[PDB]
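Enquirer: What follows is a structure written as structure tokens; I'll ask about it next.
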Amino acid sequence: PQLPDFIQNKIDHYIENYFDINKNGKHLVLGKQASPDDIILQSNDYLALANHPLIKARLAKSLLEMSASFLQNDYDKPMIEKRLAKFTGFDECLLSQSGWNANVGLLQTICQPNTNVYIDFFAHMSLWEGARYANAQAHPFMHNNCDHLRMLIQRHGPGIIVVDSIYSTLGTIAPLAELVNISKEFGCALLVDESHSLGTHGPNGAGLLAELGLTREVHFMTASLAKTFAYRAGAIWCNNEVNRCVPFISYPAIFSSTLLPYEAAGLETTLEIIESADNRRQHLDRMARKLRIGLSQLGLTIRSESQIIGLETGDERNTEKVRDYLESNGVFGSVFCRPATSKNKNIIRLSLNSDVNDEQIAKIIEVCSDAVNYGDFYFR
Amino acid sequence: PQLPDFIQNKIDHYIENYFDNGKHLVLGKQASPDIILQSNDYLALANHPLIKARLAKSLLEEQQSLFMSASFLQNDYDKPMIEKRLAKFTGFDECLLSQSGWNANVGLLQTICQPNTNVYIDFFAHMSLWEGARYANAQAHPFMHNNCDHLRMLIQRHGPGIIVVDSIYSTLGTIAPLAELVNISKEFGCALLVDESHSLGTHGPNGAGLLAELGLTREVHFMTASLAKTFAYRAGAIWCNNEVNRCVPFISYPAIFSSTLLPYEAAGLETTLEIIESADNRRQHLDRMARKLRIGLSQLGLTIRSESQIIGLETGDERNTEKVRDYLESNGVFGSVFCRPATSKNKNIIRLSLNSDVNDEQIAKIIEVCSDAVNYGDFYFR
Ligand SMILES: Cc1ncc(COP(=O)(O)O)c(CNCC(=O)O)c1O
Ligand SMILES: Cc1ncc(COP(=O)(O)O)c(C=O)c1O
């Protein structure tokens, strides 16, 4: 069944502009296959728990032996939710099938058509789309720029301020204390996506809001559980009654199948391990700082203040060359391009984890040092 | 933190209008070791020992810390063998795993739609298909349920587009006129997208589905399915008789911006597929039981549009639905309430979902409890 022109034309154009132009004829994100022991810095499994014996054992144990809307009775709602709410310090926690669904569902629940959503330019796409599905009025503010935000809120009125605590591509940290004050001053609600700080930051890994003592003045916190928690799920935390309504309003919550009951059990063991992982956190924080200092001195713009390090590689042609150079020299990050970034502001993201070595860190710096001197490409 | 007026008032209003029984309409009383008809696990595989053992097994040895987007795993050697197996199973050229049936539909539509694109969608097609088109800013043209004449007129007026249907409808359990839909697609130069969430596994040769049963496979451009029904797993799939699945992983937002299934999950699906392929007797049994329940209920004067294992009791408005729900539950029948936003406010449906573990004795009892209800008084049916 040949495709009709209206689809074929679109697919043809796409393949030509997104696959064919690259030297390997594949999408820009697709590079060389890695070998042992190349340095792989692509996983969001920050505390390296993917293969943890206890988590795996607990999961299998539980798995041996419909919509979640129908499971909102007290006796149907999972114990992990209460533990996660306690862990973080928020009043209530609601599980979701992914961080994406957590954001989209929360925003569908608290937004009306035309609701003002003040969203950081670099906040996760799931937050942008969540607002758009709700037909909210999106007001993008320049990255971490509170002056710009103040102007927008002054102009458009009360609404929801939406940020990542730690940004997924750049590794920058939101000015959370100032955001809290801005929301108080302007009568806004604050939504913080802690996908990249939950587990890696704060007391026992409770996160950035916890570390800063801001938990009790933030209305909503969300997180993918597919980062430090190493599980395909998400969660919504509320310091209010909103989680009572989400399960019956959010489309992903209504129209998409729920997490199975054994999945919640695996999360309980993961939480316990995370709570105790002080040394892994410490080691990761140290290694990330060593990397940031090492790369910055090379003249690369390194905006990161976290375990996420963004190499700024400009346009797609330049980006292909950079990542080809890195991979050829045993360093494997993740290419972030359109539609995640502007077509001319690509990022090669280095995601550090607690298994990374001092020797590996020095090696990354060495490779990037050579890269800067090579003359085949540039960094921004 | 005090919520802003705009949010607090929304929550307060919702709670009074949808909760104030005390709970949401979909929540009734707790059942007992009662007849449950709420699970989409049509062949009752949720506890199959072989599947659990295989999942458990692969679940040990995760050198693959692959916590990242599936877009980064689109090299040959990273793509799961379950995709090739599912493609071969159904007869389609290519298959692509998704995190859910919802995501499969949203993703496919984002990939094949431009803002101008005509989307001809059955009025009762799943919400994920409606939303998929809407997110893509497509021009949706709904046709009356299973009404090929209406569809024809619409395409005549607006031109080539994407025809979107469920093979078996999730609320009413009716069956799309797939053979005629294929003819219409050919006649007007459209593409066909069929969601087989409720027919994959339960219908066709070895459960390959309705398109396979009707020999329409090679004539259809796209098929999608939740794997959370007969496959008893939290995932979805897109099948293509073309190169569209080459592009979906880099275009679909849910595919780009949400984490992939873990490798051990795909392994479990392989075993599920093998069990389903050999489940002839279970399919036979479910088909025969569903027919009995349908016949049984249609005697009584009840509107039973279903032609499948999904039976919808049409209970009208919300007040009336609550009453029917309660009556059924008190008599040991459960019982899935479909209301807004899934249905219109005054066209609620209490869906009876059958599975291969239901027996003759239970069917008879369901018929009886419904016979009593019609009419023991108290409420009406549409
Ligand atoms: C800040 C943020 N929020 C939400 C999500 C979505 O989470 P789920 O994958 O559970 O749907 C992501 C995904 N981040 C993907 C990455 O950084 O590679 C994210 O980075
Ligand atoms: C016809 C149909 N398509 C898609 C879906 C969504 O499937 P999933 O729960 O895997 O997101 C559903 C399930 O509700 C459905 O009934």
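Neighbour counts run over all protein chains shown; Cβ positions are idealised from the backbone, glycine included. What is reported rests on the model, the rules as stated and the sources as named; none is laboratory data.
Enquirer: For B:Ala342, only one of the following conditions fails: (1) over 25 Å from B:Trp130 (Cα atoms); (2) buried (at least 17 other Cβ atoms within 10 Å of the Cβ). What is its number?
Expert: (1)
Enquirer: Hey, can you tell me all the residues within the stretch A:190-219 that are part of a strand (DSSP E or B) and under 16 Å from the mean Cα position of the chain (by Cα)?
Expert: In the first step, residues of the stretch A:190-219 are kept if they are part of a strand (DSSP E or B); the result is A:190-193, A:198, A:201.
Correct list: A:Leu191, A:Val192, A:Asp193, A:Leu198, A:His201.
Enquirer: What pairs can you find where one residue is in the stretch B:227-251 and outside the structural domain of B:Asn75 (by CATH), the other is more than 16 Å from ligand 1 (Cβ to nearest atom), and their Cβ atoms are less than 9 Å apart, with a gap of 6+ or different chains?
Expert: Partner pairs satisfying both residue conditions: none exist.
Enquirer: Something else now. Which residue is farthest from ligand 2 (Cβ to nearest atom), if the candidates are limited to the stretch A:232-241 and must be within 9 Å of A:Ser98 (Cα to Cα) and buried (at least 24 other Cβ atoms within 10 Å of the Cβ)? Outline the logic, then answer.
Expert: Of all residues in the stretch A:232-241, those within 9 Å of A:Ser98 (Cα to Cα) come to A:232-235.
Imposing the further condition that a residue be buried (at least 24 other Cβ atoms within 10 Å of the Cβ) reduces the set to A:233-235.
Values: A:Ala233: 14, A:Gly234: 14, A:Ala235: 18 Å.
This residue is A:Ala235.
Enquirer: Next up: Name, by its number, the condition in (1) within 11 Å of ligand 1 (Cβ to nearest atom); (2) surrounded by 24 or more Cβ atoms within 10 Å (Cβ to Cβ) that does not hold for A:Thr169.
Expert: Of (1) within 11 Å of ligand 1 (Cβ to nearest atom); (2) surrounded by 24 or more Cβ atoms within 10 Å (Cβ to Cβ), only one is false for A:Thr169: (2).
Enquirer: Here are the criteria: (1) within 22 Å of A:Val163 (Cα to Cα); (2) away from ligand 1 (no atom under 12 Å from the Cβ); (3) β-branched (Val, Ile, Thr). Tell me which single one A:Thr222 does not satisfy.
Expert: The single condition A:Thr222 does not satisfy is (2).
Enquirer: Using the structure shown, decide if B:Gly209 is within 16 Å of ligand 1 (Cβ to nearest atom) and in the same structural domain as B:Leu109 (by CATH). Write out each step before concluding.
Expert: Details: within 16 Å of ligand 1 (Cβ to nearest atom): no; in the same structural domain as B:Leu109 (by CATH): yes.
So B:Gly209 fails the test.
Enquirer: Moving to a separate point now. The conditions are (1) away from ligand 1 (no atom under 16 Å from the Cβ); (2) within 14 Å of chain A (Cβ to nearest Cβ), and B:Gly107 fails exactly one of them. Which is it?
Expert: Tallying (1) away from ligand 1 (no atom under 16 Å from the Cβ); (2) within 14 Å of chain A (Cβ to nearest Cβ), B:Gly107 fails exactly one: (1).
Enquirer: Separate question: Can you confirm whether the stretch B:136-145 contains a residue that is within 14 Å of ligand 2 (Cβ to nearest atom) and within 14 Å of chain A (Cβ to nearest Cβ)?
Expert: No, every residue in the stretch B:136-145 fails to be within 14 Å of ligand 2 (Cβ to nearest atom) and within 14 Å of chain A (Cβ to nearest Cβ).
Enquirer: Filter the stretch B:81-101 for residues that are in contact with a helix residue (DSSP H, G or I) (Cβ under 7 Å, 6 or more places away or on another chain) and small (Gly, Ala, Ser); which is surrounded by the fewest Cβ atoms within 10 Å (Cβ to Cβ)?
Expert: Once the filter is applied, the top-ranked residue is B:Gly91.
Enquirer: Can you name every residue in the stretch B:158-184 that is within 12 Å of chain A (Cβ to nearest Cβ), of a type in the set (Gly, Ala, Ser) and within 16 Å of ligand 2 (Cβ to nearest atom)?
Expert: B:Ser170
Enquirer: Looking at B:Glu219, B:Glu187 in this structure, which one is over 25 Å from B:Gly268 (Cα atoms) and within 12 Å of chain A (Cβ to nearest Cβ)? Lay out the reasoning, then the answer.
Expert: Details: B:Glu187 fails: within 12 Å of chain A (Cβ to nearest Cβ).
The conditions single out B:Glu219.
Enquirer: Being in the same structural domain as A:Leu352 (by CATH) and basic (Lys, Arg) is true for just one of A:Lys77, A:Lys32. Which residue is that?
Expert: Working: A:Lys77 fails: in the same structural domain as A:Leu352 (by CATH).
Going through A:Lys77, A:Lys32 in turn, just one is in the same structural domain as A:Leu352 (by CATH) and basic (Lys, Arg): A:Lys32.
Enquirer: With respect to the numbered conditions (1) out of contact with any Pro (no Cβ under 9 Å at 6 or more places or on another chain); (2) within 16 Å of ligand 2 (Cβ to nearest atom); (3) of a type in the set (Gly, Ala, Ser), which one is the sole condition not fulfilled by A:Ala206?
Expert: Failing condition for A:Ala206: (2).
Enquirer: Let me ask something additional. Considering (1) closer than 23 Å to B:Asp12 by Cβ; (2) within 16 Å of ligand 1 (Cβ to nearest atom); (3) among the polar types (S, T, N, Q), say which one A:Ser98 fails and leave the rest.
Expert: If we test A:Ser98 against (1) closer than 23 Å to B:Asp12 by Cβ; (2) within 16 Å of ligand 1 (Cβ to nearest atom); (3) among the polar types (S, T, N, Q), just (1) comes out false.
Enquirer: Here is a check on your reading of the model: is B:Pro254 on the phi < 0 side of the Ramachandran plot, within 13 Å of chain A (Cβ to nearest Cβ) and more than 12 Å from ligand 2 (Cβ to nearest atom)?
Expert: Working: on the phi < 0 side of the Ramachandran plot: yes; within 13 Å of chain A (Cβ to nearest Cβ): yes; more than 12 Å from ligand 2 (Cβ to nearest atom): no.
Criteria not met by B:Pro254.
Enquirer: Take A:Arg286 and decide whether it is farther than 30 Å from A:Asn73 by Cα, assigned to a helix (DSSP H, G or I) and basic (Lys, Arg). Before the answer, list the steps.
Expert: Numbers: farther than 30 Å from A:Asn73 by Cα: yes; assigned to a helix (DSSP H, G or I): yes; basic (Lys, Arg): yes.
Judged against the criteria, A:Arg286 is a match.
Enquirer: A further question follows. Is it the case, given these coordinates, that A:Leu63 is assigned by CATH to the domain that holds A:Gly333 and buried (at least 20 other Cβ atoms within 10 Å of the Cβ)?
Expert: Values: assigned by CATH to the domain that holds A:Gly333: no; buried (at least 20 other Cβ atoms within 10 Å of the Cβ): yes.
Taking the combined requirement at face value, the residue does not satisfy it.
Enquirer: Could I ask something else about it? Could you list, in sequence order, all residues of the stretch A:191-207 that are crowded, with 24+ Cβ neighbours inside 10 Å and aliphatic (A, V, I, L, M)?
Expert: Applying the first criterion (crowded, with 24+ Cβ neighbours inside 10 Å) to the stretch A:191-207 yields A:191-201, A:205, A:207.
Matches in the stretch A:191-207: A:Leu191, A:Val192, A:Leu198.
Enquirer: Of all residues in the stretch A:1-29 being over 30 Å from B:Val220 (Cα atoms) and surrounded by 12 or more Cβ atoms within 10 Å (Cβ to Cβ), which is farthest from the other protein chains (Cβ to nearest Cβ)? Spell out the reasoning first.
Expert: We begin by selecting, within the stretch A:1-29, every residue over 30 Å from B:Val220 (Cα atoms); these are A:21-24, A:28-29.
Filter once more, so that each one left must be surrounded by 12 or more Cβ atoms within 10 Å (Cβ to Cβ): A:21-22, A:24, A:28-29.
Numbers: A:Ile21: 13, A:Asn22: 12, A:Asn24: 10, A:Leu28: 9, A:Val29: 6 Å.
Across the stretch A:1-29, the extreme among qualifying residues is A:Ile21.
Enquirer: Return the residues of the stretch B:69-90 that are within 12 Å of chain A (Cβ to nearest Cβ) and either within 18 Å of the chain's Cα centre (by Cα) or away from ligand 1 (no atom under 16 Å from the Cβ) (or both); say none if nothing qualifies.
Expert: From the stretch B:69-90, those within 12 Å of chain A (Cβ to nearest Cβ) are B:69-79; that's our starting set.
The answer is B:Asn75, B:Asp76, B:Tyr77, B:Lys79.
Enquirer: Which numbered condition trips up B:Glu61, out of (1) more than 10 Å from chain A (Cβ to nearest Cβ); (2) in a loop (DSSP other than H, G, I, E, B); (3) of a type in the set (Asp, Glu)?
Expert: Single failed check for B:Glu61: (1).
Enquirer: Here is a list: B:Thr260, B:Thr321, B:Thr271. Which entry is among the polar types (S, T, N, Q) and in the same structural domain as B:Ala31 (by CATH)?
Expert: Details: B:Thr260 fails: in the same structural domain as B:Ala31 (by CATH); B:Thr271 fails: in the same structural domain as B:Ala31 (by CATH).
Exactly one residue qualifies, and that residue is B:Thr321.
Enquirer: Continuing with the same structure: All but one of (1) buried (at least 22 other Cβ atoms within 10 Å of the Cβ); (2) in a helix (DSSP H, G or I); (3) within 16 Å of ligand 1 (Cβ to nearest atom) hold for B:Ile276; which doesn't?
Expert: (3)
Enquirer: Further, regarding this structure: Quick check on the stretch B:180-189. Is at least one of its residues in contact with an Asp or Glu (Cβ under 9 Å, 6 or more places away or on another chain), assigned to a loop (DSSP other than H, G, I, E, B), more than 16 Å from ligand 1 (Cβ to nearest atom) and assigned by CATH to the domain that holds B:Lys229?
Expert: yes
Enquirer: I need the full set of residues from the stretch B:119-133 which are out of contact with any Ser or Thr (no Cβ under 7 Å at 6 or more places or on another chain) and facing chain A (nearest Cβ under 8 Å), in order please.
Expert: If we filter the stretch B:119-133 for residues that are out of contact with any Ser or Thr (no Cβ under 7 Å at 6 or more places or on another chain), which is where we start, we get B:119-123, B:125, B:127-133.
Residues satisfying the conditions are B:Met127, B:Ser128, B:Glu131.
Enquirer: May I pose another question? List every residue pair whose Cβ atoms sit under 9 Å apart, with the two residues 6 or more apart in sequence or on different chains, where the first one lies in the stretch B:21-42 and is farther than 22 Å from A:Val246 by Cβ and the second, anywhere, is of a type in the set (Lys, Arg) and surrounded by fewer than 19 Cβ atoms within 10 Å (Cβ to Cβ).
Expert: B:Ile35/B:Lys365
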